[PDB]
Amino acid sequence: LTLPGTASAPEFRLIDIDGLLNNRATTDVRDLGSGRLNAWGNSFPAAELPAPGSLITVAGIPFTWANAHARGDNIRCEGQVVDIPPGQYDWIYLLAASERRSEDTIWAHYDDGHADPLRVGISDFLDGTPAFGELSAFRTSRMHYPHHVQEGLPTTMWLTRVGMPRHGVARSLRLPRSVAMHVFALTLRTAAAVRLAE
């Protein structure tokens, strides 16, 4: 038995993470030596990602591209608490890559003192295969090394979604506790009333 549904327009809340940037995963041709996406000092090519501060959509999901500084262009995951506007949410969206594919926990913190551990998988930056049914956010043609631009070696960034099943007001998130995991952008999607089509 199949019945058509209708869901109201939700709201996207693009989280300003400029204050949490703690790691350089991206370099231009003039600062190849600043790359710390991995232990080997690789990085995404700046030329193959959006301009800092720009509004983008990945599979329709809006993100703000981080206002990078010399010492940070992403969150290398160390269990950072991220304040979010209080509200009822359905989904967390992350633009992310991992130093080899890995899985961990995003905690959602609710007003009533409940916290939910939400499973999150992030696939490899190194010409990765999606292991967690992510969508491709960026698949570059090249990769930056400490001393050269490597032709014909994709650097991969992933769009991952994480459900927030609890009907309650979420106030903050905790990012994973893993040096392997990198978050480039974070967007929340509010709950929207679903019903039968009239």
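Quick note: we count residues from 1 along the sequence shown, nothing fancier.
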| item | value |
| --- | --- |
| Residue, from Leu37, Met143, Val162, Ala51, that the PDB entry assigns the highest Cα B-factor | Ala51 |
| B-factor third for the C-alpha atom of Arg71 within its chain | highest |
| Ranked against its chain, the third holding the CA B-factor of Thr190 | highest |
| Where the record places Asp112 (Cα B-factor, split into thirds across the chain) | middle |
| Position of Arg177 among the chain's modelled residues by C-alpha B-factor, lowest, middle or highest third | middle |
| Third of the chain, ranked by Cα B-factor, where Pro62 sits | middle |
